[PDB]
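Step one of this worksheet: look at the structure below.
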Amino acid sequence: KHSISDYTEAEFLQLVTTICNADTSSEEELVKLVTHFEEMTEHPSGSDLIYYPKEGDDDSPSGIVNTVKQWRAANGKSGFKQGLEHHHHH
Amino acid sequence: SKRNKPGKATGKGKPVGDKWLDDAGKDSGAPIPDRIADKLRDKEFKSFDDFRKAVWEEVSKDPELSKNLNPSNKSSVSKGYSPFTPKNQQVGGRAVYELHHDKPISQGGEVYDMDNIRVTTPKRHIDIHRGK
């Protein structure tokens with residue numbers, strides 16, 4: 001919600017997959033999610049991460065999460081909230 | 001508001017090729033592709049926005065016209081949404097290719113005349129708009 005450290009990597013993958021598949025009820029909603037993605041990543045390429053990947057970049061949902069994760073790591077910015085895996089058994 | 005009323009699409013459009021959307025950032029923008037005009041001609045639409053959605057959907061169905069779109073952009077046009085332009089062609093919240101009219105409606109430009117409609121990036125449109 002407020003910054004990318006409010007997302008676990010899995011939640012961020014669900015967000016990116018939503019965008020990539022255009023899983024919205026309107027173009028307005030898709031444009032809003034793209035803008036939110038740009039604001040979360042803080043990447044200078046903005047929506048180009050999704051729609052105009054740099055030659056040799058992986059533009060699958062998982063590809064894009066990875067590019068974000070790594071670019072944030074390298075530029076000394078904060079990363080994903082750690083997830084809490086559900087365990088079915090002791 | 002005439003663009004909010006029903007009408008019939010007419011016009012020939014123009015042969016375009018590979019990188020047709022790359023022309024959307026130059027000149028008067030790109031024309032409506034002839035094959036898209038062929039599919040929409042003589043059809044009735046409820047508004048210009050209804051026409052606009054059909055354009056992108058028909059784009060999604062045309063293997064030549066949609067092949068330069070990446071998978072994410074193809075998903076968008078398949079839903080009748082306008083494809084995202086490169087970031088450096090967006091303007092604020094205007095992030096997608098736009099459909100505009102060449103001769104304005106107030107001067108007698110027709111709403112659904114496909115030869116009077118051009119595809120622009122937000123950036124090209126604002127340049128054109130500012131020079132009026």
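We name chains A, B, ... by the order of the sequence lines, and we start the count at 1 in each one. What you see below is based on every heavy atom in this structure, not just the backbone, and it leaves out hydrogens, waters and symmetry mates.
- Within the structure, every pair that satisfies the salt bridge (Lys or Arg N to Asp or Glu O under 4.0 Å) test and touches residues 69-89 of chain A, not counting sequence neighbours, is listed here: A:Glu9-A:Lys69, A:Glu42-A:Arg72.
- Remark: the backbone N or O of B:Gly11 is paired with a side-chain donor or acceptor of B:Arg41 at under 3.5 angstrom.
- For the residue pair A:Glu38 and A:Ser45, no side-chain donor N or O sits within less than 3.5 Å of a side-chain acceptor on the partner.
- In this structure, the side chain of B:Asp34 does not engage the main chain of B:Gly13 through any donor-acceptor pair within 3.5 Å.
- Salt bridge annotation for B:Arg130-B:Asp127: absent, with no cationic side-chain nitrogen under 4.0 angstrom from a carboxylate oxygen.
- Under the 4.5 Å side-chain criterion, counting only non-hydrogen atoms from C-beta, A:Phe37 is in contact with A:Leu49.
- Residues B:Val96 and B:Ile126 fall into different hydrophobic clusters, defined by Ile, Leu, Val, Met, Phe, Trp and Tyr side chains chained together at heavy-atom separations under 4.5 Å.
- Judged purely by distance below 3.5 Å, without hydrogens or angles, the side chains of B:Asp49 and B:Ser47 never pair a donor atom with an acceptor atom.
- No chain of hydrophobic side-chain contacts below 4.5 Å, direct or via other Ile, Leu, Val, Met, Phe, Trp or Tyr residues, connects A:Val65 to A:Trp71.
- Looking only at atom types and distance, the side chain of A:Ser5 has a donor-acceptor partner in the side chain of A:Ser3 under 3.5 Å away.
- The only option from B:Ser76, B:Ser66, B:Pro83 that meets the side chain to side chain contact (heavy atoms under 4.5 Å, CB included) definition with B:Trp56 turns out to be B:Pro83.
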Side chain to side chain donor-acceptor pair (under 3.5 Å) assessment of B:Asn70 paired with A:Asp59: CA-CA 9 Å; B:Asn70 92 329; A:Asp59 67 357; 3.1 Å; yes

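- Taking the six-membered ring for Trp and the full ring otherwise, the centers of A:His87 and A:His89 sit at least 6.0 Å from each other.
- In this structure the side chain of A:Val68 never reaches within 4.5 angstrom of the side chain of A:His43, judged on heavy atoms.
- Taking 4.5 Å as the limit, some side-chain heavy atom of B:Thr85 sits within range of a side-chain heavy atom of B:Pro122.
- The pair B:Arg94-B:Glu98 meets the salt-bridge criterion, since a charged nitrogen lies less than 4.0 angstrom from a carboxylate oxygen.
- Between the side chains of B:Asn68 and B:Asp18, no donor-acceptor pair of N or O atoms lies under 3.5 Å.
- Within 6.0 Å of NZ on B:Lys79 lie more than 12 heavy atoms contributed by other residues, nucleotides or ligands.
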N/O donor-acceptor pairs under 3.5 Å from side chains in residues 11-18 of chain A, not counting sequence neighbours:
| residue | atom | partner | partner atom | Å |
| --- | --- | --- | --- | --- |
| A:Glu11 | OE1 | A:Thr8 | N | 2.9 |
| A:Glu11 | OE1 | A:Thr8 | OG1 | 3.3 |
| A:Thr17 | OG1 | A:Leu13 | O | 2.9 |
| A:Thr18 | OG1 | A:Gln14 | O | 2.8 |

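- B:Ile128 and B:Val119 fall into different hydrophobic clusters, where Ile, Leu, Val, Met, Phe, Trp and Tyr are joined by side-chain heavy atoms under 4.5 Å apart, directly or via other members.
- A donor-acceptor distance shorter than 3.5 angstrom exists from the side chain of B:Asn73 to the backbone of B:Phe84, with no hydrogens or angles considered.
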Trace of the side chain to side chain donor-acceptor pair (under 3.5 Å) decision for B:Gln90 with B:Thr121: CA-CA 7 Å; B:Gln90 309 177 8; B:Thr121 59; over 6 Å; no

Trace of the side-chain contact (heavy atoms from CB on, under 4.5 Å) decision for B:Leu40 with B:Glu58: CA-CA 8 Å; B:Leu40 301 185; B:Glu58 291 311 306; 3.7 Å; yes

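- When only modelled atom types and interatomic distance are considered, A:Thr24 and A:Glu29 share no side-chain donor-acceptor pair under 3.5 Å.
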B:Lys8/B:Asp42 under salt bridge (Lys or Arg N to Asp or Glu O under 4.0 Å): CA gap, chis, key distance, verdict: CA-CA 6 Å; B:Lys8 192 195 80 167; B:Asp42 290 333; 3.0 Å; yes

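- Within the 4.5 Å cutoff, side-chain heavy atoms of B:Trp20 are placed close to those of B:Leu65.
- Salt bridge B:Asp62/B:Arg35: present, at least one basic N to carboxylate O contact under 4.0 Å.
- Under the 4.5 Å side-chain heavy-atom criterion for ILVMFWY residues, a single connected hydrophobic cluster contains both B:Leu99 and B:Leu21.
- For an aromatic pair to be called close, the ring centres must be under 6.0 Å apart, and B:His101 with B:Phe51 fails this.
- Taking hydrophobic clusters as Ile, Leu, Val, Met, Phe, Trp and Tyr residues chained together by side-chain heavy-atom distances below 4.5 Å, B:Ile105 shares a cluster with B:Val55.
- The pair A:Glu28-A:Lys32 meets the salt-bridge criterion, with a side-chain N (NZ, NE, NH1 or NH2) lying under 4.0 Å from an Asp/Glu carboxylate O.
- With a 4.5 Å cut-off on side-chain heavy atoms, A:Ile64 and A:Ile50 count as touching.
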